[PDB]
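Text of the file structure_12.cif, holding mmCIF, C-alpha atoms; chains and numbers go by the auth columns:
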data_entry
#
loop_
_atom_site.group_PDB
_atom_site.id
_atom_site.type_symbol
_atom_site.label_atom_id
_atom_site.label_comp_id
_atom_site.label_asym_id
_atom_site.label_seq_id
_atom_site.Cartn_x
_atom_site.Cartn_y
_atom_site.Cartn_z
_atom_site.B_iso_or_equiv
_atom_site.auth_seq_id
_atom_site.auth_asym_id
ATOM 1 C CA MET A 1 -3.637 -14.000 -3.928 0.00 1 A
ATOM 2 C CA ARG A 2 -6.147 -12.277 -6.278 0.00 2 A
ATOM 3 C CA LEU A 3 -8.512 -10.557 -3.748 0.00 3 A
ATOM 4 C CA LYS A 4 -10.341 -7.232 -3.092 0.00 4 A
ATOM 5 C CA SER A 5 -8.846 -3.965 -1.632 0.00 5 A
ATOM 6 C CA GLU A 6 -10.440 -4.542 1.851 0.00 6 A
ATOM 7 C CA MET A 7 -9.246 -8.168 1.905 0.00 7 A
ATOM 8 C CA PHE A 8 -5.683 -7.122 0.858 0.00 8 A
ATOM 9 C CA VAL A 9 -5.233 -4.559 3.702 0.00 9 A
ATOM 10 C CA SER A 10 -6.368 -7.072 6.389 0.00 10 A
ATOM 11 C CA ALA A 11 -4.137 -9.857 4.912 0.00 11 A
ATOM 12 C CA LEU A 12 -1.150 -7.389 4.676 0.00 12 A
ATOM 13 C CA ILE A 13 -1.410 -6.820 8.442 0.00 13 A
ATOM 14 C CA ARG A 14 -1.063 -10.631 9.045 0.00 14 A
ATOM 15 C CA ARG A 15 2.053 -10.600 6.752 0.00 15 A
ATOM 16 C CA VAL A 16 3.871 -7.917 8.848 0.00 16 A
ATOM 17 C CA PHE A 17 2.981 -9.635 12.196 0.00 17 A
ATOM 18 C CA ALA A 18 4.370 -12.875 10.602 0.00 18 A
ATOM 19 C CA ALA A 19 7.643 -10.830 10.164 0.00 19 A
ATOM 20 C CA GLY A 20 7.323 -9.567 13.809 0.00 20 A
ATOM 21 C CA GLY A 21 6.324 -6.014 12.753 0.00 21 A
ATOM 22 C CA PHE A 22 3.045 -4.048 13.311 0.00 22 A
ATOM 23 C CA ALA A 23 0.092 -2.782 11.145 0.00 23 A
ATOM 24 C CA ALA A 24 -3.298 -0.990 11.347 0.00 24 A
ATOM 25 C CA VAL A 25 -5.883 0.337 8.782 0.00 25 A
ATOM 26 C CA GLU A 26 -5.966 4.161 9.144 0.00 26 A
ATOM 27 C CA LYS A 27 -8.016 5.275 6.070 0.00 27 A
ATOM 28 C CA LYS A 28 -10.824 3.273 4.387 0.00 28 A
ATOM 29 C CA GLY A 29 -12.074 3.707 0.761 0.00 29 A
ATOM 30 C CA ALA A 30 -13.657 1.296 -1.819 0.00 30 A
ATOM 31 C CA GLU A 31 -13.680 -2.427 -0.770 0.00 31 A
ATOM 32 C CA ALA A 32 -13.467 -4.122 -4.225 0.00 32 A
ATOM 33 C CA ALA A 33 -11.934 -1.643 -6.736 0.00 33 A
ATOM 34 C CA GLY A 34 -10.221 0.772 -4.281 0.00 34 A
ATOM 35 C CA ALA A 35 -6.627 2.064 -4.270 0.00 35 A
ATOM 36 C CA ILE A 36 -4.302 1.063 -1.350 0.00 36 A
ATOM 37 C CA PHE A 37 -1.518 3.338 -0.005 0.00 37 A
ATOM 38 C CA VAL A 38 0.624 1.815 2.769 0.00 38 A
ATOM 39 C CA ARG A 39 3.263 3.715 4.823 0.00 39 A
ATOM 40 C CA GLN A 40 6.244 1.673 6.142 0.00 40 A
ATOM 41 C CA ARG A 41 7.578 3.101 9.395 0.00 41 A
ATOM 42 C CA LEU A 42 11.295 2.449 9.902 0.00 42 A
ATOM 43 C CA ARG A 43 12.303 2.610 13.619 0.00 43 A
ATOM 44 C CA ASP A 44 15.508 4.252 12.244 0.00 44 A
ATOM 45 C CA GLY A 45 13.355 7.440 12.086 0.00 45 A
ATOM 46 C CA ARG A 46 12.351 7.247 8.376 0.00 46 A
ATOM 47 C CA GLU A 47 9.153 6.278 6.492 0.00 47 A
ATOM 48 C CA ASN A 48 8.133 4.941 3.047 0.00 48 A
ATOM 49 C CA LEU A 49 4.898 5.118 0.984 0.00 49 A
ATOM 50 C CA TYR A 50 3.475 2.451 -1.358 0.00 50 A
ATOM 51 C CA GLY A 51 0.605 2.473 -3.889 0.00 51 A
ATOM 52 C CA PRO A 52 -1.119 0.282 -6.577 0.00 52 A
ATOM 53 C CA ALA A 53 1.335 -0.284 -9.514 0.00 53 A
ATOM 54 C CA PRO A 54 0.433 0.299 -13.272 0.00 54 A
ATOM 55 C CA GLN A 55 -1.254 -3.115 -13.736 0.00 55 A
ATOM 56 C CA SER A 56 -1.730 -4.507 -17.298 0.00 56 A
ATOM 57 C CA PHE A 57 -5.548 -4.406 -16.786 0.00 57 A
ATOM 58 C CA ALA A 58 -7.250 -5.495 -20.054 0.00 58 A
ATOM 59 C CA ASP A 59 -10.195 -2.989 -19.869 0.00 59 A
ATOM 60 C CA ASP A 60 -9.924 -3.111 -15.991 0.00 60 A
ATOM 61 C CA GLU A 61 -10.185 -6.960 -15.758 0.00 61 A
ATOM 62 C CA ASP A 62 -6.907 -7.446 -13.794 0.00 62 A
ATOM 63 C CA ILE A 63 -8.109 -5.077 -10.961 0.00 63 A
ATOM 64 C CA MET A 64 -10.191 -7.960 -9.443 0.00 64 A
ATOM 65 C CA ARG A 65 -9.306 -10.891 -11.844 0.00 65 A
ATOM 66 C CA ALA A 66 -5.484 -10.682 -11.298 0.00 66 A
ATOM 67 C CA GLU A 67 -3.100 -9.952 -8.385 0.00 67 A
ATOM 68 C CA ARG A 68 -2.374 -6.229 -8.933 0.00 68 A
ATOM 69 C CA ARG A 69 1.166 -5.723 -7.494 0.00 69 A
ATOM 70 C CA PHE A 70 2.232 -2.564 -5.589 0.00 70 A
ATOM 71 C CA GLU A 71 4.974 0.048 -6.079 0.00 71 A
ATOM 72 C CA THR A 72 7.044 2.423 -3.899 0.00 72 A
ATOM 73 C CA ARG A 73 5.560 6.003 -3.895 0.00 73 A
ATOM 74 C CA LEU A 74 8.128 7.391 -1.360 0.00 74 A
ATOM 75 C CA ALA A 75 11.250 5.911 0.364 0.00 75 A
ATOM 76 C CA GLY A 76 13.495 7.126 3.248 0.00 76 A
ATOM 77 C CA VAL A 77 11.276 10.203 3.774 0.00 77 A
ATOM 78 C CA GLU A 78 9.278 11.556 6.823 0.00 78 A
ATOM 79 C CA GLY A 79 5.590 11.436 7.926 0.00 79 A
ATOM 80 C CA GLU A 80 4.976 14.965 6.538 0.00 80 A
ATOM 81 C CA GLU A 81 6.027 13.721 3.044 0.00 81 A
ATOM 82 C CA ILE A 82 3.693 10.684 3.457 0.00 82 A
ATOM 83 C CA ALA A 83 0.620 12.779 4.433 0.00 83 A
ATOM 84 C CA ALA A 84 1.571 15.395 1.754 0.00 84 A
ATOM 85 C CA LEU A 85 1.140 12.769 -1.031 0.00 85 A
ATOM 86 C CA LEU A 86 -1.922 11.143 0.680 0.00 86 A
ATOM 87 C CA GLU A 87 -3.302 14.713 0.413 0.00 87 A
ATOM 88 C CA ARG A 88 -2.757 14.740 -3.407 0.00 88 A
ATOM 89 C CA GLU A 89 -4.100 11.178 -4.009 0.00 89 A
ATOM 90 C CA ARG A 90 -7.196 11.703 -1.750 0.00 90 A
ATOM 91 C CA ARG A 91 -8.046 14.913 -3.709 0.00 91 A
ATOM 92 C CA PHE A 92 -8.341 13.087 -7.061 0.00 92 A
ATOM 93 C CA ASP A 93 -9.472 9.686 -5.645 0.00 93 A
ATOM 94 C CA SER A 94 -10.447 9.392 -1.910 0.00 94 A
ATOM 95 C CA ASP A 95 -11.226 5.617 -2.534 0.00 95 A
ATOM 96 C CA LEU A 96 -7.609 4.896 -1.405 0.00 96 A
ATOM 97 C CA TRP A 97 -6.986 3.110 1.903 0.00 97 A
ATOM 98 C CA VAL A 98 -4.062 3.910 4.233 0.00 98 A
ATOM 99 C CA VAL A 99 -2.365 1.225 6.381 0.00 99 A
ATOM 100 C CA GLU A 100 0.486 2.109 8.789 0.00 100 A
ATOM 101 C CA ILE A 101 2.927 -0.850 8.882 0.00 101 A
ATOM 102 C CA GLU A 102 5.833 -0.519 11.402 0.00 102 A
ATOM 103 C CA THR A 103 8.636 -2.842 10.204 0.00 103 A
ATOM 104 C CA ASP A 104 12.292 -2.997 8.993 0.00 104 A
ATOM 105 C CA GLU A 105 11.628 -5.146 5.885 0.00 105 A
ATOM 106 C CA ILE A 106 8.971 -4.775 3.117 0.00 106 A
ATOM 107 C CA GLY A 107 9.547 -7.541 0.490 0.00 107 A
ATOM 108 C CA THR A 108 8.228 -10.439 2.638 0.00 108 A
ATOM 109 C CA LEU A 109 5.061 -8.561 3.767 0.00 109 A
ATOM 110 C CA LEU A 110 4.320 -6.524 0.572 0.00 110 A
ATOM 111 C CA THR A 111 5.592 -7.176 -3.005 0.00 111 A
ATOM 112 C CA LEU A 112 6.542 -4.153 -5.219 0.00 112 A
ATOM 113 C CA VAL A 113 7.429 -3.535 -8.937 0.00 113 A
ATOM 114 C CA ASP A 114 9.811 -0.715 -7.808 0.00 114 A
ATOM 115 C CA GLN A 115 11.714 -2.766 -5.185 0.00 115 A
ATOM 116 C CA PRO A 116 13.747 -5.892 -6.374 0.00 116 A
ATOM 117 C CA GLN A 117 12.610 -9.556 -6.093 0.00 117 A
ATOM 118 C CA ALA A 118 13.716 -11.796 -3.171 0.00 118 A
#
Would you mind writing the file out in C-alpha cells?
Amino acid sequence: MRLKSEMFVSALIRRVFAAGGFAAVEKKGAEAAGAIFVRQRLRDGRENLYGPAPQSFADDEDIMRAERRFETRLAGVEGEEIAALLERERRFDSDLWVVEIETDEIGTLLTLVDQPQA
C-alpha cells in the first residue's frame, strides 16, 4: 500500500504479528515524508537493519504517491552495529523512525530491494 511513514510502521507491526513475531515503535520522526529504519531481531542471537530504498521519485512524487520499497542496511550483525548506524543516520536526518521487530522471517512482513522476491 502507498501510505505515510507513521502509517507504514503501525501496519508493519500487524504484518509481523500475522507471522507470529513481535514489533514496537522505538524512535519517531516525520509522519508523512520520514525515513524508516527497522531492526529484525533473530532469536539465534543476531540482528538486521533495514532502511528506505533508492526510490525512482520523479522530483519526490513517489515518496507519498508510490509504495517506496525498503532495503537491508545490515544483516547477521549485533545490536551495537544497529545503534552505530542509527547514530550516523540520526545525525544527518533525525526524521527516521526505528521499529524493533522480533522474528525469524522478513519477506512476508517487510519487502526489500536487497533481499530476493518470494
As an MDAnalysis selection string, please: the residues near residue 41 (chain A) (cut-off 12 Å, only C-alpha atoms, same-chain neighbours under 6 positions excluded). chainID A and resid 16 21:24 47:50 74:79 82 99:106
Please compute the CA of residue 4 (chain A)-CA of residue 68 (chain A) distance, one decimal, in Å. 9.9 Å
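The gap separating CA of residue 39 (chain A) from CA of residue 52 (chain A) is 12.7 Å, in Å to one decimal.
Distances here use all atoms listed in the file; by that measure, the residue among A:118, A:11, A:33, A:87 closest to residue 65 (chain A) is A:33.
Proximity of A:44, A:115, A:96, A:35 to residue 64 (chain A), computed with all atoms listed in the file, is greatest for A:35.
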Find the distance between CA of residue 91 (chain A) and CA of residue 51 (chain A) and write it in Å to one decimal. 15.2 Å
Which residues come within 10 Å of residue 66 (chain A), counting only C-alpha atoms, excluding same-chain residues fewer than 6 positions away, as a ChimeraX atom specification? /A:1-3,55-57,60
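The nearest approach to residue 63 (chain A) among the residues A:26, A:80, A:31, A:89, with all atoms listed in the file taken into account, belongs to A:31.
The residue that comes closest to residue 19 (chain A), out of A:72, A:37, A:116, A:110 and on the basis of all atoms listed in the file, is A:110.
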Kindly compute an axis-aligned box around the listed atoms of region 34-37 of chain A, allowing 5 Å on each side, and express its centre and edge lengths in Å to one decimal as lines of an AutoDock Vina configuration file.
center_x = -5.9
center_y = 2.1
center_z = -2.1
size_x = 18.7
size_y = 12.6
size_z = 14.3
Please evaluate the PyMOL selection byres ((chain A and resi 113) around 8) against the structure above and give the resulting residues as a count of residues only. 10
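Counting only C-alpha atoms and comparing A:109, A:18, A:36, A:12, the residue that lies closest to residue 90 (chain A) is A:36.
Distances here use all atoms listed in the file; by that measure, the residue among A:7, A:83, A:13, A:98 closest to residue 38 (chain A) is A:98.
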